[PDB]
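Novice: Contents of coords-v2.txt (compact mmCIF, N, CA and C atoms) are given next:
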```txt
# COMPACT_ATOMS: atom_id res chain seq x y z
N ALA A 2 0.84 -1.22 0.00
CA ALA A 2 0.00 0.00 0.00
C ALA A 2 0.87 1.25 0.00
N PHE A 3 1.43 1.57 1.15
CA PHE A 3 2.29 2.74 1.28
C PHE A 3 3.74 2.34 1.07
N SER A 4 4.38 2.92 0.06
CA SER A 4 5.77 2.62 -0.25
C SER A 4 6.70 3.24 0.79
N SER A 5 7.55 2.42 1.38
CA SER A 5 8.49 2.88 2.39
C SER A 5 9.53 3.83 1.79
N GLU A 6 9.75 4.96 2.47
CA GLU A 6 10.73 5.96 2.04
C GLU A 6 10.46 6.42 0.61
N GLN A 7 9.19 6.49 0.23
CA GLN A 7 8.81 6.90 -1.12
C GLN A 7 9.32 8.30 -1.45
N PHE A 8 9.35 9.18 -0.46
CA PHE A 8 9.82 10.54 -0.67
C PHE A 8 11.34 10.58 -0.59
N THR A 9 11.88 9.88 0.40
CA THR A 9 13.32 9.83 0.63
C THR A 9 14.08 9.27 -0.57
N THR A 10 13.53 8.24 -1.20
CA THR A 10 14.16 7.61 -2.36
C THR A 10 14.24 8.57 -3.55
N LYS A 11 13.20 9.38 -3.73
CA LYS A 11 13.16 10.33 -4.84
C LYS A 11 14.18 11.45 -4.65
N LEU A 12 14.40 11.83 -3.40
CA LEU A 12 15.35 12.89 -3.08
C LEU A 12 16.78 12.46 -3.40
N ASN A 13 17.01 11.16 -3.42
CA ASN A 13 18.34 10.63 -3.70
C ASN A 13 18.49 10.21 -5.15
N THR A 14 17.46 10.43 -5.95
CA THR A 14 17.51 10.07 -7.36
C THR A 14 17.31 11.29 -8.25
N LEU A 15 17.46 12.46 -7.66
CA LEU A 15 17.29 13.71 -8.40
C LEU A 15 18.62 14.27 -8.87
N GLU A 16 18.54 15.22 -9.78
CA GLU A 16 19.71 15.90 -10.32
C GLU A 16 19.42 17.40 -10.34
N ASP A 17 20.45 18.21 -10.55
CA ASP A 17 20.28 19.67 -10.58
C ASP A 17 19.58 20.12 -11.86
N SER A 18 19.13 19.16 -12.65
CA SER A 18 18.44 19.46 -13.89
C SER A 18 16.96 19.71 -13.63
N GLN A 19 16.40 20.70 -14.31
CA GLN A 19 14.99 21.04 -14.16
C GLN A 19 14.11 19.87 -14.58
N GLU A 20 14.59 19.11 -15.57
CA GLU A 20 13.87 17.95 -16.07
C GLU A 20 13.75 16.89 -14.97
N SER A 21 14.71 16.88 -14.06
CA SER A 21 14.74 15.93 -12.97
C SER A 21 13.82 16.38 -11.84
N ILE A 22 14.02 17.61 -11.37
CA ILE A 22 13.21 18.16 -10.28
C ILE A 22 11.73 18.13 -10.64
N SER A 23 11.41 18.50 -11.87
CA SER A 23 10.04 18.51 -12.35
C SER A 23 9.43 17.11 -12.30
N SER A 24 10.25 16.11 -12.57
CA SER A 24 9.79 14.72 -12.58
C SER A 24 9.32 14.27 -11.19
N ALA A 25 9.94 14.79 -10.15
CA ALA A 25 9.57 14.43 -8.79
C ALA A 25 8.51 15.38 -8.25
N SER A 26 8.61 16.65 -8.63
CA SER A 26 7.66 17.66 -8.19
C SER A 26 6.26 17.34 -8.70
N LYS A 27 6.15 17.05 -9.99
CA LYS A 27 4.87 16.72 -10.60
C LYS A 27 4.30 15.43 -10.02
N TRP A 28 5.19 14.61 -9.47
CA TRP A 28 4.79 13.35 -8.85
C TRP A 28 4.23 13.61 -7.46
N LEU A 29 4.75 14.63 -6.80
CA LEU A 29 4.31 14.99 -5.46
C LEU A 29 3.03 15.83 -5.52
N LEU A 30 2.95 16.69 -6.52
CA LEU A 30 1.80 17.58 -6.70
C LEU A 30 0.49 16.81 -6.91
N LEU A 31 0.58 15.56 -7.37
CA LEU A 31 -0.62 14.77 -7.60
C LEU A 31 -1.08 14.06 -6.32
N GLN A 32 -0.25 14.11 -5.29
CA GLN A 32 -0.57 13.47 -4.02
C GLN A 32 -0.53 14.49 -2.88
N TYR A 33 -1.32 15.55 -3.03
CA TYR A 33 -1.38 16.62 -2.04
C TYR A 33 -1.93 16.14 -0.69
N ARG A 34 -2.39 14.89 -0.65
CA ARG A 34 -2.93 14.32 0.58
C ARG A 34 -1.84 14.20 1.64
N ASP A 35 -0.62 13.92 1.18
CA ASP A 35 0.51 13.74 2.08
C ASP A 35 1.33 15.02 2.20
N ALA A 36 0.69 16.16 1.93
CA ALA A 36 1.36 17.46 2.00
C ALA A 36 2.07 17.69 3.34
N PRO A 37 1.37 17.56 4.50
CA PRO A 37 2.01 17.76 5.81
C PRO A 37 3.06 16.70 6.11
N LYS A 38 2.86 15.51 5.56
CA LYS A 38 3.77 14.39 5.78
C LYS A 38 5.08 14.59 5.03
N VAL A 39 5.00 14.99 3.76
CA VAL A 39 6.20 15.21 2.97
C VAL A 39 6.92 16.47 3.43
N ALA A 40 6.16 17.40 4.01
CA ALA A 40 6.72 18.65 4.50
C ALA A 40 7.63 18.41 5.70
N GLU A 41 7.15 17.63 6.67
CA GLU A 41 7.94 17.34 7.86
C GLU A 41 9.12 16.44 7.51
N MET A 42 8.90 15.51 6.58
CA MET A 42 9.97 14.61 6.14
C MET A 42 11.08 15.41 5.48
N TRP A 43 10.68 16.37 4.65
CA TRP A 43 11.62 17.24 3.95
C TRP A 43 12.43 18.02 4.98
N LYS A 44 11.73 18.59 5.95
CA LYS A 44 12.35 19.36 7.02
C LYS A 44 13.35 18.50 7.79
N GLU A 45 12.89 17.33 8.23
CA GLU A 45 13.73 16.41 8.99
C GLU A 45 14.97 16.00 8.20
N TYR A 46 14.79 15.70 6.93
CA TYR A 46 15.89 15.28 6.06
C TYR A 46 16.96 16.36 5.97
N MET A 47 16.54 17.60 5.73
CA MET A 47 17.48 18.71 5.59
C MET A 47 18.10 19.09 6.94
N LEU A 48 17.54 18.56 8.02
CA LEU A 48 18.05 18.84 9.36
C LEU A 48 19.01 17.75 9.81
N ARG A 49 19.09 16.68 9.03
CA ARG A 49 19.98 15.57 9.34
C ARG A 49 21.41 15.90 8.92
N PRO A 50 22.37 15.71 9.83
CA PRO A 50 23.79 15.98 9.56
C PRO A 50 24.40 14.99 8.57
N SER A 51 23.65 13.94 8.26
CA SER A 51 24.09 12.92 7.33
C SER A 51 23.89 13.40 5.89
N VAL A 52 23.05 14.41 5.75
CA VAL A 52 22.75 14.98 4.45
C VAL A 52 23.73 16.09 4.10
N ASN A 53 24.58 15.83 3.12
CA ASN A 53 25.58 16.80 2.68
C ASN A 53 24.93 18.00 1.99
N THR A 54 25.68 19.09 1.86
CA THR A 54 25.19 20.31 1.24
C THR A 54 24.62 20.05 -0.15
N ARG A 55 25.22 19.10 -0.87
CA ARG A 55 24.78 18.74 -2.21
C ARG A 55 23.32 18.28 -2.18
N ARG A 56 23.01 17.39 -1.25
CA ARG A 56 21.67 16.86 -1.11
C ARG A 56 20.72 17.92 -0.55
N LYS A 57 21.22 18.76 0.35
CA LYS A 57 20.41 19.82 0.94
C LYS A 57 19.94 20.78 -0.14
N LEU A 58 20.86 21.22 -0.98
CA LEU A 58 20.54 22.15 -2.06
C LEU A 58 19.57 21.50 -3.05
N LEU A 59 19.76 20.20 -3.28
CA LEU A 59 18.91 19.45 -4.20
C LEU A 59 17.48 19.39 -3.67
N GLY A 60 17.34 19.11 -2.38
CA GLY A 60 16.03 19.03 -1.77
C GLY A 60 15.34 20.38 -1.74
N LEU A 61 16.14 21.44 -1.63
CA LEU A 61 15.61 22.80 -1.60
C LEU A 61 14.93 23.14 -2.92
N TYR A 62 15.50 22.65 -4.02
CA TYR A 62 14.96 22.90 -5.35
C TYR A 62 13.57 22.29 -5.48
N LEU A 63 13.39 21.10 -4.93
CA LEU A 63 12.11 20.40 -5.00
C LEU A 63 11.03 21.19 -4.28
N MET A 64 11.39 21.83 -3.18
CA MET A 64 10.45 22.62 -2.40
C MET A 64 9.98 23.82 -3.20
N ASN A 65 10.92 24.52 -3.82
CA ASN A 65 10.61 25.70 -4.63
C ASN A 65 9.67 25.33 -5.77
N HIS A 66 9.91 24.17 -6.36
CA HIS A 66 9.10 23.68 -7.47
C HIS A 66 7.65 23.45 -7.06
N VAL A 67 7.44 22.62 -6.05
CA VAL A 67 6.09 22.27 -5.60
C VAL A 67 5.30 23.47 -5.08
N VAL A 68 5.95 24.38 -4.35
CA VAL A 68 5.24 25.54 -3.81
C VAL A 68 4.91 26.56 -4.89
N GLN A 69 5.73 26.61 -5.93
CA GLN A 69 5.51 27.54 -7.03
C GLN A 69 4.42 27.03 -7.96
N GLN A 70 4.49 25.74 -8.30
CA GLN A 70 3.51 25.13 -9.19
C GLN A 70 2.17 24.96 -8.49
N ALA A 71 2.19 25.03 -7.16
CA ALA A 71 0.97 24.90 -6.35
C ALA A 71 -0.01 26.03 -6.65
N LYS A 72 0.52 27.15 -7.15
CA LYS A 72 -0.31 28.31 -7.49
C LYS A 72 -1.30 27.95 -8.59
N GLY A 73 -0.85 27.13 -9.53
CA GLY A 73 -1.71 26.73 -10.63
C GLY A 73 -2.67 25.62 -10.23
N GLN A 74 -2.25 24.81 -9.27
CA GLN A 74 -3.06 23.71 -8.78
C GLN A 74 -4.10 24.22 -7.78
N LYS A 75 -3.81 25.39 -7.20
CA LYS A 75 -4.69 26.03 -6.22
C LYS A 75 -4.78 25.21 -4.95
N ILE A 76 -3.72 24.48 -4.66
CA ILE A 76 -3.66 23.65 -3.47
C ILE A 76 -2.77 24.33 -2.43
N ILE A 77 -3.39 25.11 -1.55
CA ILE A 77 -2.67 25.83 -0.52
C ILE A 77 -2.12 24.87 0.54
N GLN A 78 -2.62 23.64 0.54
CA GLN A 78 -2.18 22.62 1.49
C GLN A 78 -0.67 22.43 1.42
N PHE A 79 -0.13 22.48 0.21
CA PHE A 79 1.30 22.32 0.00
C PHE A 79 2.07 23.52 0.55
N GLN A 80 1.63 24.70 0.15
CA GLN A 80 2.27 25.94 0.57
C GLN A 80 2.16 26.15 2.08
N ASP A 81 1.04 25.71 2.65
CA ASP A 81 0.82 25.84 4.09
C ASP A 81 1.78 24.94 4.86
N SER A 82 1.83 23.68 4.46
CA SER A 82 2.69 22.70 5.11
C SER A 82 4.17 23.01 4.91
N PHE A 83 4.55 23.35 3.69
CA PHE A 83 5.94 23.66 3.39
C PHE A 83 6.34 25.03 3.92
N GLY A 84 5.38 25.93 4.03
CA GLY A 84 5.66 27.27 4.51
C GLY A 84 6.09 27.30 5.97
N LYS A 85 5.39 26.55 6.81
CA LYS A 85 5.70 26.52 8.24
C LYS A 85 7.06 25.88 8.52
N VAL A 86 7.50 25.00 7.64
CA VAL A 86 8.79 24.35 7.83
C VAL A 86 9.90 25.10 7.08
N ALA A 87 9.51 25.88 6.08
CA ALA A 87 10.46 26.65 5.28
C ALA A 87 11.18 27.67 6.14
N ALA A 88 10.44 28.35 7.01
CA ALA A 88 11.01 29.36 7.89
C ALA A 88 12.12 28.77 8.75
N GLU A 89 11.94 27.52 9.15
CA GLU A 89 12.92 26.83 9.97
C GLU A 89 14.11 26.40 9.12
N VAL A 90 13.84 25.64 8.06
CA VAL A 90 14.88 25.13 7.17
C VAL A 90 15.72 26.26 6.57
N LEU A 91 15.05 27.30 6.07
CA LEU A 91 15.74 28.44 5.47
C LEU A 91 16.67 29.10 6.48
N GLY A 92 16.20 29.21 7.72
CA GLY A 92 17.01 29.82 8.76
C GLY A 92 18.22 28.98 9.11
N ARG A 93 18.11 27.67 8.92
CA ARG A 93 19.20 26.75 9.22
C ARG A 93 20.23 26.74 8.09
N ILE A 94 19.76 26.55 6.86
CA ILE A 94 20.67 26.50 5.72
C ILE A 94 21.38 27.83 5.50
N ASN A 95 20.72 28.93 5.82
CA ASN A 95 21.31 30.25 5.64
C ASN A 95 22.46 30.49 6.62
N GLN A 96 22.55 29.68 7.67
CA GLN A 96 23.62 29.84 8.65
C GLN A 96 24.66 28.73 8.53
N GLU A 97 24.55 27.90 7.49
CA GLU A 97 25.52 26.82 7.27
C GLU A 97 26.05 26.84 5.84
N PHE A 98 25.22 27.29 4.90
CA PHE A 98 25.60 27.36 3.50
C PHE A 98 26.63 28.47 3.25
N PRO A 99 27.63 28.20 2.40
CA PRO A 99 28.67 29.18 2.06
C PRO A 99 28.12 30.36 1.27
N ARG A 100 28.98 31.32 0.97
CA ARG A 100 28.60 32.53 0.25
C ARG A 100 27.97 32.23 -1.11
N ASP A 101 28.56 31.30 -1.85
CA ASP A 101 28.06 30.96 -3.18
C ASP A 101 26.69 30.29 -3.10
N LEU A 102 26.44 29.53 -2.04
CA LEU A 102 25.16 28.84 -1.89
C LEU A 102 24.09 29.76 -1.31
N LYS A 103 24.49 30.65 -0.40
CA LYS A 103 23.54 31.58 0.21
C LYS A 103 22.95 32.50 -0.85
N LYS A 104 23.76 32.82 -1.85
CA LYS A 104 23.31 33.68 -2.95
C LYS A 104 22.26 32.97 -3.78
N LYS A 105 22.46 31.68 -4.00
CA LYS A 105 21.54 30.88 -4.79
C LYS A 105 20.20 30.76 -4.09
N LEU A 106 20.22 30.53 -2.77
CA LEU A 106 18.97 30.41 -2.02
C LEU A 106 18.30 31.77 -1.87
N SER A 107 19.08 32.84 -1.98
CA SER A 107 18.56 34.19 -1.87
C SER A 107 17.54 34.46 -2.97
N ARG A 108 17.87 34.08 -4.20
CA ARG A 108 16.95 34.29 -5.32
C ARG A 108 15.78 33.32 -5.25
N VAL A 109 16.02 32.15 -4.64
CA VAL A 109 14.98 31.14 -4.50
C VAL A 109 13.90 31.62 -3.53
N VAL A 110 14.34 32.14 -2.39
CA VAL A 110 13.41 32.63 -1.38
C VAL A 110 12.83 33.99 -1.79
N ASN A 111 13.56 34.71 -2.63
CA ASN A 111 13.12 36.01 -3.11
C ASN A 111 11.87 35.87 -3.96
N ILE A 112 11.91 34.94 -4.91
CA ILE A 112 10.78 34.72 -5.79
C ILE A 112 9.56 34.23 -5.00
N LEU A 113 9.81 33.59 -3.86
CA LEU A 113 8.73 33.08 -3.03
C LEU A 113 7.92 34.22 -2.42
N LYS A 114 8.61 35.26 -1.96
CA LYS A 114 7.93 36.40 -1.36
C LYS A 114 7.46 37.39 -2.42
N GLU A 115 8.15 37.41 -3.56
CA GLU A 115 7.79 38.29 -4.66
C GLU A 115 6.50 37.83 -5.33
N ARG A 116 6.31 36.52 -5.40
CA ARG A 116 5.12 35.95 -6.02
C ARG A 116 4.05 35.66 -4.97
N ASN A 117 4.33 36.04 -3.73
CA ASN A 117 3.42 35.83 -2.60
C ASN A 117 2.97 34.37 -2.55
N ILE A 118 3.94 33.48 -2.46
CA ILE A 118 3.68 32.05 -2.40
C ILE A 118 3.08 31.65 -1.06
N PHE A 119 3.69 32.14 0.01
CA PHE A 119 3.22 31.81 1.36
C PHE A 119 2.49 33.00 1.98
N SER A 120 1.86 32.76 3.12
CA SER A 120 1.14 33.79 3.84
C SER A 120 2.11 34.85 4.37
N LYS A 121 1.66 36.10 4.42
CA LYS A 121 2.50 37.21 4.89
C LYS A 121 3.02 36.95 6.31
N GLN A 122 2.25 36.20 7.08
CA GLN A 122 2.61 35.87 8.46
C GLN A 122 3.93 35.11 8.52
N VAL A 123 4.07 34.10 7.68
CA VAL A 123 5.28 33.30 7.66
C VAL A 123 6.36 33.94 6.79
N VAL A 124 5.94 34.64 5.74
CA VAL A 124 6.89 35.31 4.85
C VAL A 124 7.75 36.30 5.63
N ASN A 125 7.09 37.06 6.51
CA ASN A 125 7.78 38.06 7.33
C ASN A 125 8.71 37.39 8.34
N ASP A 126 8.48 36.11 8.62
CA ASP A 126 9.31 35.37 9.56
C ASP A 126 10.55 34.84 8.86
N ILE A 127 10.40 34.45 7.60
CA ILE A 127 11.51 33.93 6.82
C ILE A 127 12.53 35.03 6.53
N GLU A 128 12.05 36.16 6.00
CA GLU A 128 12.93 37.27 5.66
C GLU A 128 13.67 37.81 6.89
N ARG A 129 12.99 37.86 8.03
CA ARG A 129 13.62 38.37 9.25
C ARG A 129 14.66 37.38 9.77
N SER A 130 14.41 36.08 9.59
CA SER A 130 15.35 35.06 10.04
C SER A 130 16.66 35.16 9.26
N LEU A 131 16.55 35.45 7.97
CA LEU A 131 17.71 35.59 7.10
C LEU A 131 18.53 36.81 7.53
N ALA A 132 17.83 37.88 7.88
CA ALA A 132 18.48 39.11 8.32
C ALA A 132 19.07 38.95 9.72
N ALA A 133 18.41 38.17 10.56
CA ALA A 133 18.87 37.92 11.92
C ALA A 133 20.22 37.23 11.93
N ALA A 134 20.42 36.32 10.98
CA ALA A 134 21.67 35.58 10.87
C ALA A 134 22.80 36.49 10.39
N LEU A 135 22.42 37.63 9.82
CA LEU A 135 23.40 38.59 9.31
C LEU A 135 23.75 39.61 10.39
N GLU A 136 23.12 39.48 11.55
CA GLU A 136 23.36 40.39 12.66
C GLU A 136 24.61 39.97 13.44
N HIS A 137 25.29 38.95 12.92
CA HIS A 137 26.52 38.43 13.53
C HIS A 137 26.25 37.83 14.90
N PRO B 206 23.14 20.65 -15.22
CA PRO B 206 22.32 21.50 -16.12
C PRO B 206 21.91 22.82 -15.47
N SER B 207 22.01 22.90 -14.14
CA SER B 207 21.68 24.12 -13.39
C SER B 207 20.18 24.39 -13.33
N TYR B 208 19.66 24.51 -12.12
CA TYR B 208 18.24 24.76 -11.89
C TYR B 208 18.02 26.16 -11.35
N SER B 209 17.13 26.92 -11.98
CA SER B 209 16.82 28.26 -11.53
C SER B 209 15.32 28.36 -11.29
N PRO B 210 14.88 29.12 -10.27
CA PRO B 210 13.45 29.28 -9.93
C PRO B 210 12.56 29.66 -11.12
N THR B 211 13.09 30.43 -12.05
CA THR B 211 12.32 30.85 -13.22
C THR B 211 12.22 29.72 -14.25
N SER B 212 13.05 28.70 -14.10
CA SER B 212 13.05 27.56 -15.02
C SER B 212 12.98 26.25 -14.23
N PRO B 213 11.78 25.90 -13.75
CA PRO B 213 11.56 24.69 -12.97
C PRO B 213 11.31 23.44 -13.82
N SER B 214 10.64 23.61 -14.95
CA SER B 214 10.34 22.48 -15.82
C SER B 214 10.91 22.72 -17.21
```
Would you give me this structure, written as structure tokens?

Specialist:
Amino acid sequence: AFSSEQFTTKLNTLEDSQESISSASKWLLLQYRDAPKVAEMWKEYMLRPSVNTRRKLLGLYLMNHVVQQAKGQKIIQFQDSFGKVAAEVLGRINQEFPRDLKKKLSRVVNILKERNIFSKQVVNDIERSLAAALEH
Amino acid sequence: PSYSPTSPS
């Protein structure tokens, strides 16, 4: 019935190619039922010290994809679930990722607030967390 | 191939 590590396995079979991310994103977008489940799993995975920066950045791309495409699907369930964990994950990666990677996530999170992907309540928390880490 | 937010698919 339920495939074990169905989400985890896909995260380890992705590439930095849009054709790859889209293949997993479109697969997740059809199963919005597990929105809160994949959201916490994503969060937990990126919080694991066993996950190298390569995998962290890869998983981050999948999040941007599903939350952005969710606008067309009109499924706020994804944005809601991923939004509450995004503020945490973004705050963590922004304090561990190098200069070259922080810049990449900057444009990723920028488009999220520019396109009003998440609620203003959490959006204001994400942007402030990024600035807080810059307070030394 | 490089992934950018403006080019997801």

Novice: For a test of reading the model, state the distance in Å between atom N of residue 100 (chain A) and atom C of residue 21 (chain A), rounded to one decimal.

Specialist: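 Atom C of residue 21 (chain A) lies at a distance of 24.8 Å from atom N of residue 100 (chain A).
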
Novice: Would you mind listing, as an MDAnalysis selection string, all residues of chain B that have at least one atom within 6 Å of chain A, where only C-alpha atoms are what counts?

Specialist: chainID B and resid 206:208 210 213:214

Novice: Is it possible to get the residues within 8 Å of (1.6, 21.3, -5.2) (coordinates as in the file, counting only C-alpha atoms) written as a list in words?

Specialist: residues 26, 27, 29, 30, 31, 33, 67, 68, 69, 70, 71, 72, 74, 75, 76, 77, 78, 79 and 80 of chain A

Novice: Kindly give the distance, in Å, that separates CA of residue 43 (chain A) and CA of residue 87 (chain A), rounded to a single decimal.

Specialist: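 CA of residue 87 (chain A) lies at a distance of 9.6 Å from CA of residue 43 (chain A).
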
Novice: Which residue out of A:94, A:60, A:116, A:2 has the minimum interatomic distance to residue 211 (chain B) when only C-alpha atoms are used?

Specialist: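 Checking each of A:94, A:60, A:116, A:2 against residue 211 (chain B), counting only C-alpha atoms, the winner is A:116.
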
Novice: If I take CA of residue 47 (chain A) and CA of residue 130 (chain A), how far is one from the other in Å, to one decimal?

Specialist: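 CA of residue 130 (chain A) lies 17.1 Å from CA of residue 47 (chain A).
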
Novice: For residue 41 (chain A), which residue among A:117, A:82, A:95, A:53 is the nearest when counting all atoms listed in the file?

Specialist: A:82
